[PDB]
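Engineer: Could you work out the structure for the sequence below:
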Amino acid sequence: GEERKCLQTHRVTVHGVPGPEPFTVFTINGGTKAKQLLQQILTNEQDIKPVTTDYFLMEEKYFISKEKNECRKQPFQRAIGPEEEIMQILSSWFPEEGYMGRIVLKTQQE
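Structural biologist: Numbers count the residues shown, from 1 in each chain. The protein structure is shown below:
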């Protein structure tokens, strides 16, 4: 109860998981960034050492200015790198947005 910087264990629901699930959530701890987190998503929990490849995260968002699809002619989505911590993403997640958005796990292929 004296933790000024506690072990921030949050589970982050990932949509690009290697898991059989279509979306599954892996738990983080301390101060995991997206890199340590891509790991957490990789985390086979066995030797915990999958085939950790060119995977990365993405917040796929929109403007909430219109309905259906807000013109799929503009990449309004942020690719999550290590420096850009996911907890900052969830922190920048405005209550106004609320239900719009998701963590994707892409590959470093284009």
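Engineer: which phi and psi does residue 79 have?
Structural biologist: Dihedral pair for residue 79: phi -80, psi 120, per degrees, to the nearest 10.
Engineer: Ignoring the adjacent residues along the chain, who's closest to it?
Structural biologist: residue 58 (5.2 Å; CB to CB, 6 or more residues apart in numbering). No exception for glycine: its C-beta is placed from N, CA and C like everyone else's.
Engineer: in stretch 31-51, what counts as buried?
Structural biologist: 32-35, 37-43 (16 or more other CB atoms under 10 Å).
Engineer: Ok, stretch 4-18 next?
Structural biologist: Using 16+ other CB under 10 Å as the test for burial, stretch 4-18 gives 12, 14-18.
Engineer: can the residues you listed go into CSV with extra columns for distance to residue 28?
Structural biologist: Putting the buried residues of stretch 4-18 into CSV (distance: CB to CB, whole Å) gives the following:
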residue, distance to residue 28
12, 6
14, 11
15, 16
16, 16
17, 14
18, 17
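Engineer: ok, back up a step: regarding the residue nearest to residue 79, what is its secondary structure?
Structural biologist: strand (DSSP: H, G, I helix; E, B strand; the rest coil).
Engineer: just to revisit the earlier point, would you mind checking which of the buried residues of stretch 4-18 is nearest to residue 64?
Structural biologist: residue 15 (19.2 Å; CB to CB).
Engineer: OK, contacts around that closest one?
Structural biologist: Shown in contact with residue 15 (CB atoms under 8 Å, 6 or more residues apart in numbering): 22-23, 102-105.
Engineer: What about these, which one has the most neighbours?
Structural biologist: In terms of neighbour count, residue 103 stands highest of the contacts of residue 15 at 23 neighbours, by other CB atoms under 10 Å.
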